[PDB]
There are 4 protein chains.
Amino acid sequence: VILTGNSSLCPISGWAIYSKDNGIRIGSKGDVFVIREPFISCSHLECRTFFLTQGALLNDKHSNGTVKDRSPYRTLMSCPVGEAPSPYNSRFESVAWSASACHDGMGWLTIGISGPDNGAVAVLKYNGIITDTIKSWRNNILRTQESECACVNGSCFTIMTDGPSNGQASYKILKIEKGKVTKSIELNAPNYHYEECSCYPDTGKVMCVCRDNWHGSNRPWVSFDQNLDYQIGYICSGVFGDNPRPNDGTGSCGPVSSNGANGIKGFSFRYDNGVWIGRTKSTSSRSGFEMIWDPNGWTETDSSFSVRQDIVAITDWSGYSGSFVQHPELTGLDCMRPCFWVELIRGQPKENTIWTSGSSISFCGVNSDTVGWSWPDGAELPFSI
Amino acid sequence: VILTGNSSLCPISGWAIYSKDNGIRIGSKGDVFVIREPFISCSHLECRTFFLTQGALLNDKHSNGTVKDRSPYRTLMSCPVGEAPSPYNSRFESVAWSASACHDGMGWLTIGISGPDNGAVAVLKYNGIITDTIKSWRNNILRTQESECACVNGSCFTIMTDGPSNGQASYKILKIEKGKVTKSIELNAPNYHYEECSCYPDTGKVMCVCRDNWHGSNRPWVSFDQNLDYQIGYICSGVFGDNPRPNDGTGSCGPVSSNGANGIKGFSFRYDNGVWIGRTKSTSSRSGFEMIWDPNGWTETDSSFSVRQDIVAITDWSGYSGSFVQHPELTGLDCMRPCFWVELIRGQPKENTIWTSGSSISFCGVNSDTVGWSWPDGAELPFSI
Amino acid sequence: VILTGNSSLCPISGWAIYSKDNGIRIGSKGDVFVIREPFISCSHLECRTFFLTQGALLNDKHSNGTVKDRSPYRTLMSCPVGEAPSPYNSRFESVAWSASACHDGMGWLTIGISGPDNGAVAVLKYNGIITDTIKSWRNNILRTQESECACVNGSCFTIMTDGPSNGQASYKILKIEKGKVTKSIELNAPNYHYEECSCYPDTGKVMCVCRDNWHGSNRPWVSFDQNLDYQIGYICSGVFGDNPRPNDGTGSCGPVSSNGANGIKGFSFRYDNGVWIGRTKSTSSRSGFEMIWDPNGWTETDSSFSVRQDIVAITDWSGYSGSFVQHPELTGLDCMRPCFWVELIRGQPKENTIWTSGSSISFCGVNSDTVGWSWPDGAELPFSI
Amino acid sequence: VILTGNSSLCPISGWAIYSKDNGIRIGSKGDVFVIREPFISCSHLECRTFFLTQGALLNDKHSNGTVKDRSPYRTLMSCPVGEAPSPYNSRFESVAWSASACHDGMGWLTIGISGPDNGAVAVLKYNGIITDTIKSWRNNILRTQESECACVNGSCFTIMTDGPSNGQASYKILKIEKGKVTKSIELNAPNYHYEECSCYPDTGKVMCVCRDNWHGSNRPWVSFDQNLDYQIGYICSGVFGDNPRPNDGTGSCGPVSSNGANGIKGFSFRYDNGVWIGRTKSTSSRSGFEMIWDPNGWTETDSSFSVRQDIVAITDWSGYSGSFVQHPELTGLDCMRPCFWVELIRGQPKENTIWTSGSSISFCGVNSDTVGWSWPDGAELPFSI
Ligand SMILES: *[C@@H]1O[C@H](CO)[C@@H](O[C@@H]2O[C@H](CO)[C@@H](O[C@H]3O[C@H](CO)[C@@H](O)[C@H](O[C@H]4O[C@H](CO)[C@@H](O)[C@H](O)[C@@H]4O)[C@@H]3O)[C@H](O)[C@H]2NC(C)=O)[C@H](O)[C@H]1NC(C)=O
Ligand SMILES: *[C@@H]1O[C@H](CO)[C@@H](O[C@@H]2O[C@H](CO)[C@@H](O[C@H]3O[C@H](CO)[C@@H](O)[C@H](O[C@H]4O[C@H](CO)[C@@H](O)[C@H](O)[C@@H]4O)[C@@H]3O)[C@H](O)[C@H]2NC(C)=O)[C@H](O)[C@H]1NC(C)=O
Ligand SMILES: *[C@@H]1O[C@H](CO)[C@@H](O)[C@H](O)[C@H]1NC(C)=O
Ligand SMILES: *[C@@H]1O[C@H](CO)[C@@H](O)[C@H](O)[C@H]1NC(C)=O
Ligand SMILES: [Ca+2]
Ligand SMILES: [Ca+2]
Ligand SMILES: [Ca+2]
Ligand SMILES: [Ca+2]
Ligand SMILES: [Ca+2]
Ligand SMILES: [Ca+2]
Ligand SMILES: [Ca+2]
Ligand SMILES: [Ca+2]
Ligand SMILES: [Ca+2]
């Protein structure tokens, strides 16, 4: 089976809870990796949580966070959805301090970037075998999604950035077939900033919603077909999606400069001119999480919206979030099902531990009754070490 | 292969021990979840233990049992029958503080209820994919079996309650096909109370024996066909099945008010006008367990019975119990095999630990020689934390 | 595939080492069961180590050996050959304080005896489903092999004993087909004593070599065809096989009374009128282990032998031992391959720990070069708890 | 599918990182074996890490490294590539203090040598079943590759040494078919010394690059066809491959006596008259690692080379290294892909711990962009025990 990727997004009314791993609570006693970016991706058969670890466990001296983010120890691993990430249940994928993965219907593509800041190399694997490499073209921290790539009709697609995180950088779309790059194009995007894209397939094309770390408190997007013919923009809604951000107000279809520097990995789903935005509840802190349906929010700049569904209370820590889909080949549906995961970050810099880790929760979009609540991490910090 | 569910219960004389997990004894040293309701359910290929955890391990601070029962941390997980429930051998099923699961011959149906007391939502999954949701209709702790649902001819069936635990509530039978609710009916059951139903298939229909928490010390039952044409009653035997309960005496085919408030999840199997009742040995405490064959106990009110088989001594803790079956498709028999599990609850409120957990034992009904004994939990409490 | 069991034992010259699990050394730090009787049995596909645990781990208070041997906590579990027996790698088989298991080519038969001393019940499972039970007929500790049953032509065979361990008891051969007892016969064996038989298939029949705990320092044997037509005797060699035993001398084809009380589970392989005897090196202590080829030792009473191969030095602890075979269906050979395992018992009563456990080693018979050595347990006792 | 082994080495420009297990960092907290020689080998389906353990865990008293290398506790085990080697994820292979393994397309061949120094026996297994033994022919530490054997056209091939480690010894090539030795030949190699060969298939033949422990600071090699018609030599490059070694200078096509005694397991790949040499960065210590492309280094004695790629910085420990390949049957390529692993040795003698263990990294040769870096072990020593 190659996933066709030709279906359109399912009609939905809200979000039903799909998983919660309690990784940090369990890690208080069990042997659980210190992790970041616990992104989900699915095949035609099953779903997995991918993550990066510093190859260190919770409640151990090696969890000391002072280790640079981009270390030679960092690896991309995966485990079944909803399980604490342990060396006893986790598959090794790639050596990586920035990553993506996705399944095309026939096998897993994983992308893992390691190496020095001035010459990082992305190693691409398909079915665990090295199939290609991509080296840094601007010599300044080649980096990728930290969530699932998108697959349509036997090709898979991702976005990579190279250059400053605080100014203009360079952004490329890659088309990958059985783990080999067969096409790429650089975005002609002056004044845009793309990091940490959340990309999903929809109607034979791909939509990516990303993080502007330079000068945007709304989210940039890029969409493209199988030929890499692309469009770019920012989400117009005055319901601002980044963190930090200003209070909701008048949006812009370009980068909103107020509170624009810095950011958080996030996602959104476009439905016609409307948008489901996932975002933190706080405008200043990585706290809380909510889903907002803004029926004109893709193209219109008002701060009006119609539905809010709570996911994590503002009194609890959240973190990165990303899209994942479930294809008809997996679900038996006639439409592409949208889902998302949230990383619940504990420890530094907000809390007094030597380490920083996340646990995860995830939700799937359904057209049936749902409810808002708070499903926070739940660990009591500090631990012993 | 869909399970037909058209066979009648096997002729049996007694109960042969099937499993014992020693979960709590193992968890004194190993990495074992704090759990409750370790219910067994089987496919055409294998049997699993399902359970709810607060996503915390024995001998750890997060096991602190002051946490609400209905917490956002609670998850339904499963592991192979007879193994200690660990993060290293347990599959994630659903986020849930009340649950059921069963296999239809083709895939697993899991039902996990989470969300707030005033608006809980049951998430249904078939083969791990969300297929439906059911929202609270009385805004008062939507809740379900805590043991296996029953499947017949490609549909599976369960009971949900919404409303007070100490007065009249609302009870519904759900018919589910490949994870989708295709029919439901509310029981017209004034003066009845149904919680925590133990439901099994028998001759193309389903029988549920439940817990009246309001005002009955005998057990309510409901039976129904594939169309949800139902019958209701209480078990007539003066061999009372609930805990607490009075001493054995004259029964009633309606709710026996003496010691009727409160209760424990349990089960019974109807054979003609007779009944096998599983029950605690104590009338006041969750202590001991025994199987009683009362050959007229379904419909007659005397306190006479013909066989008692000891399962757990009165000097040892017991707990929840439930039915599960093994279908002909699994066993190769021409009849439906009755089995049951018993949860052996340790810790709070009876014992001085910060936590409450159960281990489990299980038995299958056989027409060959058996013996009574005591197979208790066996852990030495307290631990270290 | 049903295993035919029609081949004869392979020609061999010695024993090549097959596995060593280091269970107790690993258990010093890891989560490893306290176990006894780590017997191996194989299918047409793979080999497993079966064992009994008290459902307690090494370095834990629950390992306290003062627990009766015949406890309600004891379970039969299995793990892959050569792996430390852990709750994280071990399959649950049966609740049992005495056990057997074997594969017929189509599925696993397990036999697990639990219950009280005066009315123990053997639960038989095939493919993990209960298929039969056998209750104590003398009301005095029904008990079985503690090693693999033997399968020939789709039937499997075992020996059970009921009665005194220090005087005349009752001994039965059972023929089991797909987990159902289809035939049994009681041995007419006055003055014989059979416990803990080690039984293997050979040329369409079964040979069992056992332990006389009453008054024999040589080993009793029983052989039988598929109809349960049997013969009985004792191994004639003056190379005495039990522990304790006298120094080698003149044997007897009946029970050798000198040092005859007490014993140890062991095995031997008959080749024509010759015998491969496995035995401890000490005559008084469960110390050392060696294989001895006595070319006339089955039928003749001299103490002469031709080959000794060391297995464990006399300065190291050994323990129970048993036969297992590998059938042509597994190996591709034209003959039945003999193998054996040895349990290396550590702790009480010989050593100052609260617990008693064994690790294991195993060897297969080959017609190619081999060498004698010592492969002892290797743990340094006591542990922390 | 038998692996043909008829393809020639893939054209490559550099080495892409394939795995990193972080074994020692993880073992600071988790249950991880003390290991040595973590060699990788692959089938037509997957790659595994094989390793020797003393059957003891990190942070435990049994890790005490005063134990002989050649102990009866040492076992060959395997786990998936990139996972910490634990008792919970590792398969048992053989009892062994020296080993090799490889897959022929149909099953795994494992070779494990145990027994005393004066009479060691190699036990060969195919699909886990004993298929042959080879006994010491010089009664002086029979020993083998400590990395994968090489398979071509249904036969697999290895090298064994018997005799002094500090003088002339005896060297044999073995040809093995389905686990059975079908041919062997002794090398007529006066004044050569072969230990710890790294052997790979290439164009229907096999090339082994080895360690001269007697009197060579360059590496000896032997190549042979399927008939065991062989050639011998030393790598001519003045870029010396052993450790210890002199500074680069004039090489020799025979053994380079300067700093020739002692050595380290290593590998090299021949391309035409050129060579990729993997080596430590230090000439005196097992520190650093680098890959050097010397385009005439197989046959010419100059110290010129054209490419250096850094793998581990000189300020970090390295250790043993070996070749492994990925066959077309696995990769879908039309050429034989070269890979290598490096063992990163921590503990004794260089560091103050009771133990010595290695973690691992591995790389595959690619014709696409790569980068040099340092991917060292990363553990902070000592631990607690
Ligand atoms: C998590 O990682 C952190 C970074 O690695 C650790 O913090 C560091 O701790 C070290 C202690 O090893 C400390 O080192 C220096 O501290 C002083 C500088 O302000 C200085 O006085 C010290 O110099 C003395 O000691 C060293 C021996 O290491 C000798 O070489 C010197 O001659 C002298 O005697 C020393 O250089 C760092 O300051 C500190 N890093 C920073 C910048 O925060 C944490 O310890 C670790 N956390 C845990 C819990 O392990
Ligand atoms: C492994 O299991 C063994 C058996 O269970 C334990 O040994 C037992 O330890 C207990 C202590 O609980 C001991 O109990 C009695 O000891 C005295 C009899 O000689 C007697 O003075 C004691 O009576 C006092 O204490 C009890 C409280 O438990 C009160 O009820 C009394 O009123 C009085 O104050 C007590 O009854 C046993 O003697 C002993 N068993 C034997 C026969 O060896 C081990 O402790 C255990 N090992 C470990 C390390 O845990
Ligand atoms: C358990 O939790 C409750 C409420 O949070 C608290 O009062 C109590 O101190 C806790 N117990 C322990 C031992 O931490
Ligand atoms: C390690 O073993 C040696 C020899 O048995 C001994 O001399 C030493 O004390 C041991 N080290 C430790 C820390 O136990
Ligand atoms: Ca921003
Ligand atoms: Ca709007
Ligand atoms: Ca532990
Ligand atoms: Ca009640
Ligand atoms: Ca009655
Ligand atoms: Ca005896
Ligand atoms: Ca003799
Ligand atoms: Ca050398
Ligand atoms: Ca050169």
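Here is the naming used below: chain letters follow the sequence lines, and residue numbers restart at 1 for every chain. We use all heavy atoms of the structure for the numbers below, so side chains are in, but hydrogens, waters and symmetry mates are not. Whatever order the structure lists them in is the order used to number ligands and atoms, beginning at 1.
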For this session: Salt-bridge test for B/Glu195 and B/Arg143: reply yes if a basic N is under 4.0 Å from a carboxylate O, no otherwise.
Result: yes

Seminar exercise, completed: of all protein heavy atoms, closest to atom 13 (C) of ligand 4 is D/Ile354 CG2, 3.7 Å

Problem set entry | atom 14 (O) of ligand 4 - nearest protein heavy atom and its distance | D/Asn64 ND2, 3.5 Å

Exercise. Measuring to protein heavy atoms, does anything land under 4.0 Å from atom 7 (O) of ligand 4?
Worked result: no

Exercise. If you count the non-hydrogen atoms of other residues, nucleotides and ligands that lie under 6.0 Å from CD in B/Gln231, is the total more than 12?
Worked result: no

Exercise. Which residues and atoms, protein N, O or S only, are under 3.0 Å from the Ca ion (ligand 8)?
Worked result: B/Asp212 O, B/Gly216 O, B/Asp242 OD2, B/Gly260 O, B/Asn262 O

Exercise. Any chance the SGs on B/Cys197 and B/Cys208 are under 2.5 Å from each other?
Worked result: no

For this session: Could you tell me how the ring of B/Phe289 sits relative to the ring of B/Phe267: parallel (under 30°), tilted (30 to 60°) or perpendicular (over 60°)?
Result: parallel

Problem set entry | Numbered atoms of ligand 2 (with element) below 4.0 Å of C/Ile354, judged on heavy atoms | 49 (C)

For this session: Look at B/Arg279 together with B/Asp248 and state whether they make a salt bridge at an N to O cut-off of under 4.0 Å.
Result: yes

Exercise. Does D/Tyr73 have C/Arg25 sitting over its ring (NZ/CZ under 6.0 Å from centre, angle to axis within 45°)?
Worked result: yes

Exercise. Of all the atoms in ligand 2, which lie at a distance below 4.0 Å from a heavy atom belonging to C/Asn64?
Worked result: 1 (C), 2 (O), 3 (C), 44 (C), 46 (C), 47 (N), 48 (C), 50 (O)

Problem set entry | For atom 4 (C) of ligand 4, closest protein heavy-atom neighbour | D/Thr66 OG1, 3.3 Å

For this session: Have a look at B/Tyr192 and tell me which of B/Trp221, B/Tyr234, B/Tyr171 forms a ring pair (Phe, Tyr, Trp, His ring centres under 6.0 Å) with it.
Result: B/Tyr234

For this session: Would you check if there is a donor-acceptor pair between the side chains of B/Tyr320 and B/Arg211 at a distance under 3.5 Å?
Result: yes

